[PDB]
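Trainee: Residue 142 is where the first sequence starts when you use the deposited numbering, and the numbers rise one by one after that.
Don't be surprised by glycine CBs; every beta carbon is placed ideally from N, CA and C.
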Amino acid sequence: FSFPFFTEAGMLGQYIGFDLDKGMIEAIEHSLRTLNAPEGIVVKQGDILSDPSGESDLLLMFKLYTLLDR
RNA sequence: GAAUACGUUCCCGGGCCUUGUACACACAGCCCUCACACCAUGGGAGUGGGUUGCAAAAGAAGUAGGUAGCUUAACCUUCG
Ligand SMILES: [Mg+2]
Ligand SMILES: [Mg+2]
Ligand SMILES: [Mg+2]
């Protein structure tokens with residue numbers, strides 16, 4: 142829900158955060174219409190101690206910490 | 001200068017006693033946080049032999065056996 146403040150500046154591109162807890166991702170992904178969260182943002186599951194492959198521009202690391210160095 | 005506690009179940013404080021205790025300066029006891037180094041142990045792709053076992057092949061020296069080639073002083077010579 143950082144989008145209200147990410148777009149307060151004008152980030153409007155594809156923000157897609159990847160968690161693993163599906164009982165938490167689906168307890169927060171239903172919000173798309175229930176809460177009427179902005180319609181310009183996707184979310185998809187994924188880890189990073191296993192899957193850091195792709196290309197993007199900004200790489201938000203919030204709960205990475207040293208769990209990958211664990 | 002006088003209207004006059006019917007009553008002690010109640011941590012100003014102590015005695016008698018009991019069970020414990022996560023107790024001995026001596027009373028109370030259920031994590032929120034992490035890459036965690038570095039010496040010791042249990043492992044552990046492959047390397048390598050020791051010592052070699054096993055299926056064999058090949059066999060140096062020596063010892064023994066055979067042996068039509070070859071060679072030779074003692075013996076017998078029939079004297080070839
Ligand atoms: Mg007392
Ligand atoms: Mg041997
Ligand atoms: Mg010989």
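Is the region 181-197 close to the region 143-155, with three or more CB pairs under 8 Å?
Mentor: yes
Trainee: Whose C-beta lies closer than 7 Å to the C-beta of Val183 among residues of the same chain, with five residues either side of it excluded?
Mentor: Once the five neighbours on either side are set aside, the close Cβ partners of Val183 are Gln155 and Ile157.
Trainee: Near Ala178, what residues of its chain come up, given a Cβ to Cβ distance below 6 Å and the 5 sequence neighbours on each side ignored?
Mentor: Sequence-distant Cβ neighbours of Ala178 in its own chain, meaning closer than 6 Å and more than five residues away, are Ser172.
Trainee: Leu190 and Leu208 look like a contact to me (Cβ under 8 Å); what is the Cβ gap, rounded to whole Å?
Mentor: Contact between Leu190 and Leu208 holds, with the beta-carbon distance rounding to 7 Å and staying under 8 Å.
Trainee: Expressed to the nearest angstrom, what Euclidean distance is found between the alpha-carbon atoms of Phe147 and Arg211?
Mentor: 30 Å
Trainee: Tell me which same chain residues have a C-beta within less than 8 Å of the C-beta of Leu161, skipping the five on either side of it?
Mentor: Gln186, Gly187 and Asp188
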